[PDB]
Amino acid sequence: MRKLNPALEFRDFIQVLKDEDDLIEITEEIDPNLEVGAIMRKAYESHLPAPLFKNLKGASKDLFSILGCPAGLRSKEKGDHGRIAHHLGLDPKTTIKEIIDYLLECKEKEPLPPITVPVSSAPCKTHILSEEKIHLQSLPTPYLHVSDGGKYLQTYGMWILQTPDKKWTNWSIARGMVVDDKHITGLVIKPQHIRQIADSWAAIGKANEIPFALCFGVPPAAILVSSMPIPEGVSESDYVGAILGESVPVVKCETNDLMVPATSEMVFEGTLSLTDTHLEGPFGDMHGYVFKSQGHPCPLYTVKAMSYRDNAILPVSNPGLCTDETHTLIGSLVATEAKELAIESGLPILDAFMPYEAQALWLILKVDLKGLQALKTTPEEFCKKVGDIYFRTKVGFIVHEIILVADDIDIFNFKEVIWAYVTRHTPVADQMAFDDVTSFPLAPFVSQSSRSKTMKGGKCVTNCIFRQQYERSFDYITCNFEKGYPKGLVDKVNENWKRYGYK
């Protein structure tokens, strides 16, 4: 078998998961109407192998297979974050901390802008359809959740938009549903870069004609960085190239000047209008709900051209209850940028993480107690400093509760987090509300209350650092097996376990 590069090539990503027994090719006919979604949910929820649906009801030979759960969790024996690790070309057993720290290290690497390759060598140019041959309604697009507002073709593809001055090309994920034979609609909302760039087209009189590309089965490093809140003005492609150690190979679109990854499974091209809008949503989302007939108009994308590979594969995320990509990518790439912001701001933080169990609503900051102690501060002042750094930023947008814990908590393990949360904060008294900051409109407690009108508040910083940890050493015993007892005793017990009779 060839040497696999799953960060660079979507199909190598598929092969590496086969070789790890982490992918199940389903060859029997599966209905894109709910059945795909339901299988994906069953697989996410027990951390099982990713399904590749090779035989979809209503598919042509090329359009398409579906890959579900591309960044779901899997058994610990294989490395439970192996799928995320493979998007970055890392050892499958890498921890999430290491994943995060690698993304931060790649920020100081030389950015490698994309490299144009010949069209004759680019798999995404194998088939080219011009406008009259665009028939979105004939694609076997999944209907992912009951009461979704339409069929969501765009759950794990990359939108490419570029500023008018050509200086900033943004790659990002935002949901899109098929509206009719030629149109997609989806979220283009503040403070997302896709809206920022669309607005820069509006600012010069071209709100009804913004060029885009939508690419599926891009280099897995590209799709991951597509979900990451990197800074404005920074073209994702260049940071992808630093992650990969090589420039992303690209080709020009058929109908505009945008560059698309040469190994994409499927490329859609066209223009976006902010002034022609269509009812969109609802969509089963990151917090675990479909709220019925709660759609709202969004912009229309007119598809004008398409290109694709033989036997093309559509990667799909089907969000809901933890754990899926809206938790493993959205949350952790937020936590990555929250750590960066801590470094920028000088907060005494070791790590950051968004527990999956908290539906990417909670941001846990692991506080370096010595560094905290060096500030000579109080919980009230420190919680204010922290909330003020995070809750007015794009990075802090999805976050409604920042939880501060000492450096004895493994924040990446929710058994330790929930322990620290309930045992170390006094309800209400240890929580600081932030009334005036922008609410995340998707939080169900926000959207299903009068706060959906006012758009402000409902966020807090929760102090789970004991008062004495603001001042000095505080040595207590954590009462479990591994931490509670001397290393000699833990080993002795572990060595003799079978001999005792445990079977």
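Numbers follow the displayed sequence, beginning with 1.
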Notebook entry, point to check: Given the B-factors recorded for C-alpha atoms, which segment has the greater mean, 116-124 or 261-269?
Noted result: 116-124
Notebook entry, point to check: If you average the Cα B factors in the entry, which is higher, 287-295 or 319-327?
Noted result: 287-295
Next item on the list: Tell me which of 41, 47, 57, 459 tops the list for C-alpha B factor in the record.
Entry: 57
Next item on the list: Could you check 276, 351, 337, 401 and tell me which one carries the biggest Cα B-factor in the deposited entry?
Entry: 276
Note to self: Ranking the modelled residues of this chain by C-alpha B-factor as given in the entry, is residue 8 in the lowest, middle or highest third?
What the structure shows: middle
Next item on the list: Would you mind checking where the Cα B-factor of residue 441 ranks among the modelled residues of its chain, as the lowest, middle or highest third?
Entry: highest
Margin query: What third of the chain does residue 380 rank in for C-alpha temperature factor, lowest, middle or highest?
Written below: highest
Check: For residue 134, does the deposited CA B-factor place it in the lowest, middle or highest third of the chain?
Finding: highest
Notebook entry, point to check: Thinking about Cα B factors across the chain, which third does residue 455 belong to?
Noted result: highest
